[PDB]
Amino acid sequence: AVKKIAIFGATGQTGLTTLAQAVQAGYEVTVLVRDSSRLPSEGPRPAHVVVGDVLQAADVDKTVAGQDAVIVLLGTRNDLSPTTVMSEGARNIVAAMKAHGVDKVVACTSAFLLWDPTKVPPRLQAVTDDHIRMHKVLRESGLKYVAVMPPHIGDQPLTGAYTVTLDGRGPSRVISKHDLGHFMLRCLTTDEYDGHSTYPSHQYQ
């Protein structure tokens, strides 16, 4: 079973709760962070912290070495500009996984990669184009890859009661950040989603 994981994007909205949940669940967690002040003092703490950048192959290599699986929650925070950060990061992650024998990656893009592709809001098209590039990198890697394609990420509580479909239709167009992290972790203990795209959603009201 998976025991050691690396999380990329651990200081982001979804990353922080995925990190806390992973530690609480008993995983030995390594994170790559550019700025360690963005990790919390309170609550569960990662076992290992690598300071560095996902665009630097050597930093990624140090983070992936010795792991059983990788969770990818990279993103651009509020920046909607044209970008290759996520896809170039994914290229480095795949290379490091292959160099170190790691064969399982669970990575977040977005439900826009399941929905009608002519229906992406213009302001999100540039980020979506890089999610598509990252999905291609991961699909073509040959590694066991679970593509997680969430709708709007909300602040609702953790429930563990969301629905996962394979086609982008479901009970709602929202998933709480906590539930999304819980799902990422679920993907570490089953092979049922390997090679598939997944759509987690739930009605919180």
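The first residue of the shown sequence is 1; numbering continues from there. By rigid core we mean the largest C-alpha set that fits within 1.5 Å across both forms.
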Which of these two stretches, 69-77 or 115-123, has the larger RMS Cα offset in 8 other deposited structures of this protein when the rigid core is kept aligned?
115-123
Return whichever of 125-133 or 80-88 has the larger RMS Cα deviation from the displayed form in 8 other deposited structures of this protein, where every structure is aligned on the rigid core.
80-88
Output the stretch having the higher mean C-alpha B factor in the entry; the candidates are 190-198 and 177-185.
190-198
Quick check on the record: does 103-111 or 121-129 carry the larger mean Cα temperature factor?
121-129
Looking at the C-alpha B-factor values in the deposited entry, which of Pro151, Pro40, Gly160, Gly26 comes out highest?
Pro40
When the deposited Cα B-factors of this chain's modelled residues are ordered and cut into thirds, is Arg91 in the lowest, the middle or the highest one?
middle
Of the three thirds of its chain by CA temperature factor, lowest, middle or highest, which one includes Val70?
lowest
Sorting by Cα B-factor within the chain, modelled residues only, which third would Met134 end up in: lowest, middle or highest?
lowest
Please place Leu80 in the lowest, middle or highest third of its chain according to the CA B-factor in the PDB entry.
highest
Would you mind checking where the Cα B-factor of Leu32 ranks among the modelled residues of its chain, as the lowest, middle or highest third?
lowest
